[PDB]
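Accompanying notes for the structure given below.
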Amino acid sequence: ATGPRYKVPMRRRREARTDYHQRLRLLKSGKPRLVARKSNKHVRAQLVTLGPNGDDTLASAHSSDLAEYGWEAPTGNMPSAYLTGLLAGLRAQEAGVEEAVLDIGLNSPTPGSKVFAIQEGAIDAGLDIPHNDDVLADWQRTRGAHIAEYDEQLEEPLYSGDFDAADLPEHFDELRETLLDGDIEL
Amino acid sequence: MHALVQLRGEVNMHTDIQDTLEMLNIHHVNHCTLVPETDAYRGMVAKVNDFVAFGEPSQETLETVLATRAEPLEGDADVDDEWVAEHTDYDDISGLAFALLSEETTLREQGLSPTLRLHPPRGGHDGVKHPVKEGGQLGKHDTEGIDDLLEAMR
Amino acid sequence: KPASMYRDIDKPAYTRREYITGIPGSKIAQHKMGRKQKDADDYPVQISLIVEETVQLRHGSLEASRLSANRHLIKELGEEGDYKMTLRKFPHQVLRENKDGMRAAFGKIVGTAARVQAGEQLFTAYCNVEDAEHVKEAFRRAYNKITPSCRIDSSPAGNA
Amino acid sequence: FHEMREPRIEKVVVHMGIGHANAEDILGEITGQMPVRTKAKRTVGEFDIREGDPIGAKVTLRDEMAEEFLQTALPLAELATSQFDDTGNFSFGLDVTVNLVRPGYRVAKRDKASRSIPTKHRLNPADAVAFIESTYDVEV
Amino acid sequence: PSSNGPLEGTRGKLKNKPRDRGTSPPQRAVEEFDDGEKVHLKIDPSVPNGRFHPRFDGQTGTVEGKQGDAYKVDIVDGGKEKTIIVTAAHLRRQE
RNA sequence: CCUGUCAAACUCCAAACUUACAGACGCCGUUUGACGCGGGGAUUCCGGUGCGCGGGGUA
RNA sequence: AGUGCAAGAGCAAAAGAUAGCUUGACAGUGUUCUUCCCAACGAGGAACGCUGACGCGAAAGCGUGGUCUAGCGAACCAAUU
RNA sequence: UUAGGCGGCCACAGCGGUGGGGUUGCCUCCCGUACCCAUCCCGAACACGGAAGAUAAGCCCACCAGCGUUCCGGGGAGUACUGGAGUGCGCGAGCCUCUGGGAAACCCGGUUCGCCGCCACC
Ligand SMILES: [Cl-]
Ligand SMILES: [Cl-]
Ligand SMILES: [Mg+2]
Ligand SMILES: [Mg+2]
Ligand SMILES: [Mg+2]
Ligand SMILES: [Mg+2]
Ligand SMILES: [Mg+2]
Ligand SMILES: [Mg+2]
Ligand SMILES: [Mg+2]
Ligand code: NA
Ligand code: NA
Ligand code: NA
Ligand code: NA
Ligand SMILES: [Sr+2]
Ligand SMILES: [Sr+2]
Ligand SMILES: [Sr+2]
Ligand SMILES: [Sr+2]
Ligand SMILES: [Sr+2]
Ligand SMILES: [Sr+2]
Ligand SMILES: [Sr+2]
């Protein structure tokens, strides 16, 4: 911008959306990337592969299409993230994808976080992904227990649109139950 | 189709320039060859530009030179209409001359040596130290200029 | 030392001060003469001294010619005459001299010169239609102190 | 339009630039939360050749902690127009700096797709003196 | 030359054009080539490792295999056949 | 702002040209066997001149 | 800017800074280039592998010393494992 | 792509500026700290939980050329420089002719306020 000699960062760098150094180390595996992302309200998991004119998403799942299988709960929590990973994972298996490397983009590797939940979900779907068990939240938290107890400290329902009062991780179970099943229209 | 006549000897000429002439089948002073006007050949003549005289000859001129200096790929069999007719895809020299000028064939294709070994220019040439535009004999010529030279060397 | 020793451009450009030390100071006292508070546009006449050959002019020569030129313009128009003259070239080329046979010959630094391509303006004056003949005479004296032949070219001045 | 434009306090940073500390204790009481050590850079003739080593302390307050502090702190100063930043900030004094900004300032503080705040959304000295003065005190 | 190290006289060829300065895009550092493919050799100033001898810059060789992630490229230095170990970052497909 | 100048160890630019690989044409090779490979025998390792480009030096 | 030291070159969510942890400045054996353009020549050097054992990291991955090009030494003999 | 994710090329994409856009949709800002996790001090950030409010930031859509950049026309310029040739010129440094190539600065007028790929989505 200042002159002929000025160096402008690559576009995805200005936009502060792509860590190119991590990207490179990621691509060095030769495997597909399980692109785990999250929004204030949603969570998205994509299986991306390298292409001539750009990346190629072979399969993917969004927390939105989770309802499509019987989900009346919010979509920005742990149970949401895990199930979304599993959904994307299952679809990945469908398209012939068998292994991946977790790409958490610009999110932090916080133990028990959602990007890791997406990963645990994707792994259960039968996908082979290099991981570390002691960095994944404990089963119960994945189910959504942590939020149930929070609702126990009631006085005012945690959720506005009455999905339920004391909330239900058992719903998480019903949905995972529905996904791990064969039938399911992926 | 341009006619190429070497007018300057090999002593002291760049080797890559001398090899170019040889690739164009000329190995002696006063030897002439006919070259198609292709981009590849164009570069070649442009490279030998200072040691040769070239240009497009007239149908008649070509015919005179062929009758007088054309030779078989091998042997001393004189080349005349009968030779041409009994040995080529043409009826006489004119047919050959025309096909050559129109780049439809080559001397080799018709069993003739690629080279026309001309005679020294009767009455001498315009000198080999200057190009045509400066009164010399080197470089590209008019169809008339080339005809004058080729005929004096018939 | 004869200018025959340095007048030609037969050596690489040698001007890098960061790699050369002991460079003698220039003898050129001023590059802008006359009334330098005024613009050259304010004059009807503009005459330049043009060098006819490419050469190198040692600073000692620029000073002598420039001096014998401006000196005349001062004696003829006054220490404040309404005119202005410029020496547009600066001696950037450092010169040497090998002053022990041809062994370790790289010379020591002895001076500076300005490279002037043929056809260039070495000097340029701006005067009024009156003092036009005085500047032409100042240049006649100047080109007598530099190597090449010169042309005294008159630019804006159709008062012939 | 005005709701997501009306100023607020991002942080109140109390700090004592000493030069060699034992002063942390008072800040810990006048503010309410733990202070932090301050290291220096570059060697200094004034017997300050040690690069990394305690020289000061500061406390950054946000939300209530910040307000509850200013309530009893602001009355201790005589604010002036000069004492204001070109960004809409002011510091008085033991130093007391007040960082003011508009709602979504996070856009420039987050890790993902962060972005610099447009000059239009940047607070102004004028818009700053107002908000503040418009709450328990006077200007110039 | 005054010295004979590997980077002797390589000021130009190993310097980046100002605007190409900075970490290079990962795509060409992960590119895959097949045996027999023609590849132009050119060191990328921004990439430290996987380089070949600067003297070879400008060669167009033939991939004949791999050694780890690096490629073994066949070239002819003058009249001498040589094998060069080089990473994709410093290679480009011909045509 | 305007106005006067530069760079062998400066470069926002930038040739001619040199150069890797390939295709085409040319030339050449498959009884004159090219290209390549193995082996025998050397001589040679004071060079010079013109032209082009130089670096040193008043030359 | 910094990055130990010449010069030229490389580097910005880093190759720089701070903090923490750690000993890959590891063992075995190669490929290739360099040394020595072309074109044979040793020591030395570098890039890139396989095997073993490890460090850190969620993991991809990084680590065969210091971002790159200087910091080096035959046979005989001695000491050492 | 009525606002999304991962990218390729890496300023034609930068700098600056104007206008337009969102009731259970999207992205955000935004609300809030029991948990996982977090600040050498701060739920600021990171992380988690969430919808009262908002389109003012961001973002997306439409657009402006003043600066920077890309390409194009016309002029500079077939100039500067240059591969091949010469019993052409010059005391000489050097120049010229023929043949084959051929800039840069700068001015004027246009272009450029990204293009493209995969996935998802009233
Ligand atoms: Cl994200
Ligand atoms: Cl190599
Ligand atoms: Mg015969
Ligand atoms: Mg004559
Ligand atoms: Mg150079
Ligand atoms: Mg001994
Ligand atoms: Mg010992
Ligand atoms: Mg608006
Ligand atoms: Mg003469
Ligand atoms: Na401290
Ligand atoms: Na780069
Ligand atoms: Na060796
Ligand atoms: Na907005
Ligand atoms: Sr000389
Ligand atoms: Sr004279
Ligand atoms: Sr050369
Ligand atoms: Sr290294
Ligand atoms: Sr907050
Ligand atoms: Sr003389
Ligand atoms: Sr042309």
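Going through the structure tokens in order, the chains are called A, B, and so on, while each chain numbers its residues from 1 and the ligands are numbered from 1 in the order shown.
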> Could you pull the residues within 9 Å of residue 111 of chain H, counting only C-alpha atoms (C1' of nucleotides), minus those fewer than 3 positions along the same chain, as a ChimeraX atom specification?
Replying inline: /H:12,70-72
Please provide the set of residues having any atom within 9 Å of segment 63-79 of chain G, restricted to only C-alpha atoms (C1' of nucleotides), with same-chain residues fewer than 5 positions apart removed, written as a PDB file with C-alpha atoms (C1' of nucleotides), in the first residue's frame.
```pdb
ATOM      1  CA  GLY E   5      32.151 -21.703  -0.764  1.00  0.00           C
ATOM      2  CA  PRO E   6      28.772 -22.987  -2.087  1.00  0.00           C
ATOM      3  CA  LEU E   7      27.070 -19.578  -1.943  1.00  0.00           C
ATOM      4  CA  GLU E   8      29.876 -17.835  -3.812  1.00  0.00           C
ATOM      5  CA  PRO E  48      16.085 -22.831   3.855  1.00  0.00           C
TER       6      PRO E  48
ATOM      7  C1'   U G   3      18.703 -13.194  15.081  1.00  0.00           C
ATOM      8  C1'   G G   4      26.980 -14.539  18.766  1.00  0.00           C
ATOM      9  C1'   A G   9      21.385 -13.685   1.779  1.00  0.00           C
ATOM     10  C1'   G G  10      16.829 -15.805   4.874  1.00  0.00           C
ATOM     11  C1'   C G  11      13.035 -14.919   8.591  1.00  0.00           C
ATOM     12  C1'   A G  15      13.900 -18.366  11.924  1.00  0.00           C
ATOM     13  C1'   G G  24      18.391 -34.670  18.708  1.00  0.00           C
ATOM     14  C1'   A G  25      25.053 -31.073  20.185  1.00  0.00           C
ATOM     15  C1'   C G  26      21.962 -39.020  20.404  1.00  0.00           C
ATOM     16  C1'   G G  42      41.635 -37.343  -0.170  1.00  0.00           C
ATOM     17  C1'   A G  43      40.254 -35.110   4.565  1.00  0.00           C
ATOM     18  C1'   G G  44      36.541 -32.021   5.500  1.00  0.00           C
ATOM     19  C1'   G G  55      12.454 -34.890  23.953  1.00  0.00           C
TER      20        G G  55
END
```
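Straight-line separation from atom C1' of residue 85 of chain H to atom CA of residue 50 of chain B: 5.2 Å.
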Within 12 Å of chain E, which residues belong to chain G? Use only C-alpha atoms (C1' of nucleotides) and report them as a PDB file with C-alpha atoms (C1' of nucleotides), in the first residue's frame.
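Final file, iface02.pdb:
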```pdb
ATOM      1  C1'   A G   7      29.891  -9.909   3.940  1.00  0.00           C
ATOM      2  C1'   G G   8      25.877 -11.090   1.097  1.00  0.00           C
ATOM      3  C1'   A G   9      21.385 -13.685   1.779  1.00  0.00           C
ATOM      4  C1'   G G  10      16.829 -15.805   4.874  1.00  0.00           C
ATOM      5  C1'   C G  11      13.035 -14.919   8.591  1.00  0.00           C
ATOM      6  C1'   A G  12       6.857 -11.534  11.583  1.00  0.00           C
ATOM      7  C1'   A G  14       8.608 -16.436  12.995  1.00  0.00           C
ATOM      8  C1'   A G  15      13.900 -18.366  11.924  1.00  0.00           C
ATOM      9  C1'   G G  30      23.436 -45.201   3.775  1.00  0.00           C
ATOM     10  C1'   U G  31      21.811 -42.014  -0.770  1.00  0.00           C
ATOM     11  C1'   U G  32      23.316 -37.701  -3.193  1.00  0.00           C
ATOM     12  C1'   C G  33      25.877 -33.277  -4.031  1.00  0.00           C
ATOM     13  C1'   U G  34      30.132 -30.654  -2.697  1.00  0.00           C
ATOM     14  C1'   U G  35      35.306 -30.439  -2.017  1.00  0.00           C
ATOM     15  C1'   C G  36      37.256 -30.953  -7.716  1.00  0.00           C
ATOM     16  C1'   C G  37      31.551 -26.462 -12.991  1.00  0.00           C
ATOM     17  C1'   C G  38      32.478 -29.141 -17.433  1.00  0.00           C
ATOM     18  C1'   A G  39      36.051 -33.866 -15.901  1.00  0.00           C
ATOM     19  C1'   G G  45      31.242 -30.156   4.618  1.00  0.00           C
ATOM     20  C1'   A G  46      26.015 -30.102   3.377  1.00  0.00           C
ATOM     21  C1'   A G  47      21.117 -31.760   1.861  1.00  0.00           C
ATOM     22  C1'   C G  48      18.171 -36.058   2.003  1.00  0.00           C
ATOM     23  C1'   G G  49      17.003 -41.237   3.732  1.00  0.00           C
ATOM     24  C1'   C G  50      16.465 -46.176   6.474  1.00  0.00           C
ATOM     25  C1'   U G  67      18.707 -19.531   9.818  1.00  0.00           C
ATOM     26  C1'   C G  68      22.545 -20.121   5.290  1.00  0.00           C
ATOM     27  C1'   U G  69      27.647 -19.953   3.158  1.00  0.00           C
ATOM     28  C1'   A G  70      34.260 -19.739   7.432  1.00  0.00           C
TER      29        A G  70
END
```
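Using only C-alpha atoms, the shortest contact distance between residue 34 of chain C and any of C:47, C:85, C:109, C:138 is found at C:85.
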> If you run DSSP on this backbone, which residues of segment 46-145 of chain C come out as strand (DSSP E), and could you give them as a ChimeraX atom specification?
Replying inline: /C:46-51,55-58,84-87,93-97,108-116,121-127
Let me see the file: selected residues, N, CA, C and O atoms, as a compact mmCIF listing (two decimals), in the first residue's frame.
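Wrote out.txt, looks like this:
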```
# COMPACT_ATOMS: atom_id res chain seq x y z
N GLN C 46 18.62 32.38 -22.74
CA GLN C 46 19.22 31.22 -22.08
C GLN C 46 20.27 30.61 -22.99
O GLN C 46 19.94 29.96 -23.98
N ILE C 47 21.54 30.80 -22.65
CA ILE C 47 22.62 30.26 -23.46
C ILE C 47 23.42 29.22 -22.69
O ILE C 47 23.82 29.45 -21.54
N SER C 48 23.66 28.07 -23.33
CA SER C 48 24.41 26.99 -22.71
C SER C 48 25.69 26.67 -23.46
O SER C 48 25.81 26.93 -24.66
N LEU C 49 26.66 26.13 -22.73
CA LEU C 49 27.92 25.71 -23.31
C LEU C 49 27.80 24.20 -23.44
O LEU C 49 27.69 23.49 -22.43
N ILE C 50 27.79 23.70 -24.67
CA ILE C 50 27.66 22.27 -24.91
C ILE C 50 28.96 21.60 -25.30
O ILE C 50 29.66 22.05 -26.21
N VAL C 51 29.28 20.52 -24.60
CA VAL C 51 30.49 19.75 -24.87
C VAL C 51 30.26 18.90 -26.11
O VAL C 51 29.24 18.23 -26.22
N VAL C 55 33.83 13.12 -22.27
CA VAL C 55 35.09 13.27 -21.56
C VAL C 55 34.91 13.32 -20.05
O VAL C 55 33.80 13.26 -19.54
N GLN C 56 36.05 13.43 -19.38
CA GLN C 56 36.11 13.56 -17.93
C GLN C 56 36.78 14.90 -17.73
O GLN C 56 37.79 15.20 -18.37
N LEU C 57 36.22 15.73 -16.85
CA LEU C 57 36.80 17.04 -16.58
C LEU C 57 37.14 17.11 -15.09
O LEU C 57 36.24 17.05 -14.24
N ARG C 58 38.43 17.21 -14.78
CA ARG C 58 38.88 17.27 -13.39
C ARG C 58 38.33 18.54 -12.74
O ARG C 58 38.19 19.57 -13.40
N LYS C 84 22.26 35.16 -14.33
CA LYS C 84 22.52 34.01 -13.47
C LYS C 84 23.09 32.88 -14.31
O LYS C 84 22.60 32.59 -15.40
N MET C 85 24.14 32.25 -13.79
CA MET C 85 24.81 31.17 -14.49
C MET C 85 24.94 29.91 -13.64
O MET C 85 25.19 29.98 -12.43
N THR C 86 24.79 28.75 -14.27
CA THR C 86 24.88 27.50 -13.54
C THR C 86 25.85 26.48 -14.14
O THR C 86 25.94 26.32 -15.36
N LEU C 87 26.59 25.82 -13.25
CA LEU C 87 27.52 24.75 -13.62
C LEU C 87 26.75 23.53 -13.13
O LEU C 87 26.73 23.24 -11.94
N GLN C 93 33.47 11.16 -10.14
CA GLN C 93 34.47 10.15 -10.44
C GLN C 93 35.79 10.41 -9.72
O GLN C 93 36.44 11.44 -9.96
N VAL C 94 36.18 9.49 -8.84
CA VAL C 94 37.44 9.60 -8.10
C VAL C 94 38.56 9.13 -9.01
O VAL C 94 38.42 8.13 -9.70
N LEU C 95 39.68 9.86 -9.01
CA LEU C 95 40.82 9.53 -9.86
C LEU C 95 42.01 9.06 -9.06
O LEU C 95 42.20 9.46 -7.92
N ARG C 96 42.83 8.21 -9.67
CA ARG C 96 44.03 7.67 -9.02
C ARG C 96 45.29 8.00 -9.79
O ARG C 96 45.26 8.60 -10.88
N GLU C 97 46.41 7.58 -9.21
CA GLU C 97 47.72 7.73 -9.81
C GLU C 97 48.64 6.76 -9.12
O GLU C 97 48.66 6.68 -7.89
N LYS C 108 46.99 5.53 -5.70
CA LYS C 108 46.46 6.20 -4.52
C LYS C 108 45.50 7.28 -5.04
O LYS C 108 45.59 7.69 -6.20
N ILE C 109 44.58 7.72 -4.20
CA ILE C 109 43.60 8.72 -4.60
C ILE C 109 44.20 10.12 -4.72
O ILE C 109 44.86 10.61 -3.80
N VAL C 110 43.96 10.76 -5.86
CA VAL C 110 44.52 12.08 -6.12
C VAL C 110 43.56 13.18 -6.57
O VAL C 110 43.96 14.34 -6.64
N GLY C 111 42.31 12.83 -6.88
CA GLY C 111 41.38 13.86 -7.31
C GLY C 111 39.98 13.41 -7.70
O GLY C 111 39.56 12.29 -7.40
N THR C 112 39.26 14.30 -8.38
CA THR C 112 37.90 14.03 -8.81
C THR C 112 37.61 14.66 -10.17
O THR C 112 38.19 15.69 -10.54
N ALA C 113 36.70 14.04 -10.91
CA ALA C 113 36.34 14.55 -12.22
C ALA C 113 34.86 14.30 -12.50
O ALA C 113 34.22 13.45 -11.88
N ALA C 114 34.32 15.07 -13.43
CA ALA C 114 32.93 14.92 -13.80
C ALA C 114 32.88 14.34 -15.21
O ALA C 114 33.60 14.79 -16.11
N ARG C 115 32.06 13.31 -15.39
CA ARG C 115 31.92 12.69 -16.70
C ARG C 115 30.87 13.46 -17.49
O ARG C 115 29.76 13.69 -17.02
N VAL C 116 31.24 13.88 -18.70
CA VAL C 116 30.32 14.64 -19.53
C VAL C 116 30.18 14.00 -20.89
O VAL C 116 31.15 13.93 -21.64
N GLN C 121 24.99 19.90 -21.71
CA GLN C 121 25.19 21.28 -21.30
C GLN C 121 26.06 21.26 -20.04
O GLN C 121 25.68 20.66 -19.04
N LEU C 122 27.23 21.89 -20.10
CA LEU C 122 28.09 21.93 -18.93
C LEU C 122 27.69 23.16 -18.13
O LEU C 122 27.48 23.10 -16.92
N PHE C 123 27.58 24.28 -18.83
CA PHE C 123 27.19 25.55 -18.24
C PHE C 123 25.92 26.04 -18.92
O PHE C 123 25.64 25.68 -20.07
N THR C 124 25.18 26.87 -18.20
CA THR C 124 23.96 27.48 -18.72
C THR C 124 23.79 28.83 -18.06
O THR C 124 23.84 28.95 -16.83
N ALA C 125 23.60 29.86 -18.87
CA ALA C 125 23.42 31.20 -18.36
C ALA C 125 22.05 31.71 -18.78
O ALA C 125 21.46 31.23 -19.75
N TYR C 126 21.54 32.67 -18.02
CA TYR C 126 20.26 33.29 -18.32
C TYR C 126 20.49 34.79 -18.19
O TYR C 126 20.92 35.27 -17.14
N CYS C 127 20.23 35.52 -19.26
CA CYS C 127 20.45 36.96 -19.24
C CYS C 127 19.37 37.72 -19.99
O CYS C 127 18.40 37.14 -20.49
```
>> Show me, as a VMD selection string, the residues that have an atom within 12 Å of residue 22 of chain F when counting only C-alpha atoms (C1' of nucleotides), minus same-chain residues fewer than 2 positions from it.
In response: (chain E and resid 37 to 39 60 to 62 94 to 95) or (chain F and resid 20 24)
Just C-alpha atoms (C1' of nucleotides) for this one: save the residues we selected as a PDB file, in the first residue's frame.
```pdb
ATOM      1  CA  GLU E  37       8.064 -35.876 -14.934  1.00  0.00           C
ATOM      2  CA  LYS E  38      10.115 -32.923 -16.159  1.00  0.00           C
ATOM      3  CA  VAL E  39      10.727 -30.397 -13.410  1.00  0.00           C
ATOM      4  CA  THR E  60      15.193 -28.947 -16.075  1.00  0.00           C
ATOM      5  CA  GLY E  61      15.566 -32.520 -14.866  1.00  0.00           C
ATOM      6  CA  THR E  62      13.601 -35.748 -14.600  1.00  0.00           C
ATOM      7  CA  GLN E  94       7.565 -28.060 -16.977  1.00  0.00           C
ATOM      8  CA  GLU E  95       4.912 -26.560 -19.277  1.00  0.00           C
TER       9      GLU E  95
ATOM     10  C1'   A F  20      18.365 -26.203 -18.940  1.00  0.00           C
ATOM     11  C1'   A F  24       9.389 -29.314 -35.146  1.00  0.00           C
TER      12        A F  24
END
```
Taking only residues of chain B that have an atom at most 10 Å from an atom of ligand 4, what is each one's shortest atom pair and its distance in Å to one decimal, using only C-alpha atoms and all ligand atoms, in chain and number order, as a tab-separated table?
```
residue	atom	partner	partner_atom_place_in_ligand_line	distance
B:124	CA	ligand 4	1 (Mg)	9.3
B:125	CA	ligand 4	1 (Mg)	8.5
B:126	CA	ligand 4	1 (Mg)	6.9
B:127	CA	ligand 4	1 (Mg)	4.9
B:128	CA	ligand 4	1 (Mg)	7.5
B:129	CA	ligand 4	1 (Mg)	7.7
B:130	CA	ligand 4	1 (Mg)	9.3
B:136	CA	ligand 4	1 (Mg)	8.5
```
>> Can you pull out the residues contacting residue 46 of chain B? Cut-off 10 Å, using only C-alpha atoms (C1' of nucleotides), and skip same-chain residues under 2 positions away; I want them as a PyMOL selection string.
In response: (chain B and resi 41-44+48-50+52+139-140) or (chain H and resi 84+99-100)
Could you write out that same residue set with N, CA, C and O atoms (P, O5', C5', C4', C3', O3' and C1' of nucleotides) as a PDB file, in the first residue's frame?
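Output below, filename result.pdb:
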```
ATOM      1  N   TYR B  41      13.781 -21.976 -41.217  1.00  0.00           N
ATOM      2  CA  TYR B  41      14.769 -21.629 -42.238  1.00  0.00           C
ATOM      3  C   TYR B  41      15.098 -20.148 -42.205  1.00  0.00           C
ATOM      4  O   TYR B  41      16.217 -19.743 -42.514  1.00  0.00           O
ATOM      5  N   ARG B  42      14.114 -19.340 -41.835  1.00  0.00           N
ATOM      6  CA  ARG B  42      14.302 -17.902 -41.794  1.00  0.00           C
ATOM      7  C   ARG B  42      15.429 -17.528 -40.842  1.00  0.00           C
ATOM      8  O   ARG B  42      16.260 -16.677 -41.160  1.00  0.00           O
ATOM      9  N   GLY B  43      15.447 -18.161 -39.673  1.00  0.00           N
ATOM     10  CA  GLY B  43      16.495 -17.880 -38.709  1.00  0.00           C
ATOM     11  C   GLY B  43      17.846 -18.245 -39.298  1.00  0.00           C
ATOM     12  O   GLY B  43      18.810 -17.482 -39.215  1.00  0.00           O
ATOM     13  N   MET B  44      17.907 -19.415 -39.921  1.00  0.00           N
ATOM     14  CA  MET B  44      19.139 -19.878 -40.526  1.00  0.00           C
ATOM     15  C   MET B  44      19.735 -18.905 -41.539  1.00  0.00           C
ATOM     16  O   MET B  44      20.916 -18.574 -41.454  1.00  0.00           O
ATOM     17  N   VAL B  48      23.342 -16.516 -41.582  1.00  0.00           N
ATOM     18  CA  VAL B  48      24.384 -16.569 -42.600  1.00  0.00           C
ATOM     19  C   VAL B  48      24.310 -15.362 -43.524  1.00  0.00           C
ATOM     20  O   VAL B  48      25.034 -15.260 -44.517  1.00  0.00           O
ATOM     21  N   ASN B  49      23.442 -14.427 -43.161  1.00  0.00           N
ATOM     22  CA  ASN B  49      23.203 -13.213 -43.934  1.00  0.00           C
ATOM     23  C   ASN B  49      24.411 -12.467 -44.494  1.00  0.00           C
ATOM     24  O   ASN B  49      24.351 -11.934 -45.597  1.00  0.00           O
ATOM     25  N   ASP B  50      25.510 -12.438 -43.746  1.00  0.00           N
ATOM     26  CA  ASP B  50      26.699 -11.692 -44.159  1.00  0.00           C
ATOM     27  C   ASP B  50      27.699 -12.440 -45.024  1.00  0.00           C
ATOM     28  O   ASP B  50      28.678 -11.855 -45.493  1.00  0.00           O
ATOM     29  N   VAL B  52      26.459 -14.645 -47.529  1.00  0.00           N
ATOM     30  CA  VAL B  52      25.691 -15.165 -48.644  1.00  0.00           C
ATOM     31  C   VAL B  52      24.902 -14.106 -49.414  1.00  0.00           C
ATOM     32  O   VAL B  52      24.870 -12.933 -49.042  1.00  0.00           O
ATOM     33  N   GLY B 139      23.767 -10.380 -48.625  1.00  0.00           N
ATOM     34  CA  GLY B 139      22.418 -10.176 -48.111  1.00  0.00           C
ATOM     35  C   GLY B 139      21.259 -10.424 -49.068  1.00  0.00           C
ATOM     36  O   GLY B 139      21.433 -10.952 -50.166  1.00  0.00           O
ATOM     37  N   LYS B 140      20.065 -10.021 -48.643  1.00  0.00           N
ATOM     38  CA  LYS B 140      18.851 -10.205 -49.432  1.00  0.00           C
ATOM     39  C   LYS B 140      18.817  -9.349 -50.694  1.00  0.00           C
ATOM     40  O   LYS B 140      19.209  -8.186 -50.675  1.00  0.00           O
TER      41      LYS B 140
ATOM     42  P     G H  84      28.670 -10.679 -32.176  1.00  0.00           P
ATOM     43  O5'   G H  84      28.039 -10.944 -33.608  1.00  0.00           O
ATOM     44  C5'   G H  84      27.787 -12.278 -34.078  1.00  0.00           C
ATOM     45  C4'   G H  84      27.383 -12.233 -35.529  1.00  0.00           C
ATOM     46  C3'   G H  84      28.315 -11.421 -36.411  1.00  0.00           C
ATOM     47  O3'   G H  84      29.457 -12.160 -36.797  1.00  0.00           O
ATOM     48  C1'   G H  84      26.105 -10.761 -36.841  1.00  0.00           C
ATOM     49  P     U H  99      18.840  -3.243 -43.789  1.00  0.00           P
ATOM     50  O5'   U H  99      19.239  -4.611 -43.078  1.00  0.00           O
ATOM     51  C5'   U H  99      19.456  -5.793 -43.857  1.00  0.00           C
ATOM     52  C4'   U H  99      19.859  -6.941 -42.970  1.00  0.00           C
ATOM     53  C3'   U H  99      18.971  -7.192 -41.768  1.00  0.00           C
ATOM     54  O3'   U H  99      17.805  -7.913 -42.120  1.00  0.00           O
ATOM     55  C1'   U H  99      21.215  -7.244 -41.082  1.00  0.00           C
ATOM     56  P     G H 100      16.431  -7.629 -41.343  1.00  0.00           P
ATOM     57  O5'   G H 100      16.655  -8.297 -39.914  1.00  0.00           O
ATOM     58  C5'   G H 100      16.877  -9.714 -39.810  1.00  0.00           C
ATOM     59  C4'   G H 100      17.198 -10.103 -38.388  1.00  0.00           C
ATOM     60  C3'   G H 100      16.264  -9.578 -37.315  1.00  0.00           C
ATOM     61  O3'   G H 100      15.055 -10.315 -37.253  1.00  0.00           O
ATOM     62  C1'   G H 100      18.496  -9.391 -36.580  1.00  0.00           C
TER      63        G H 100
END
```
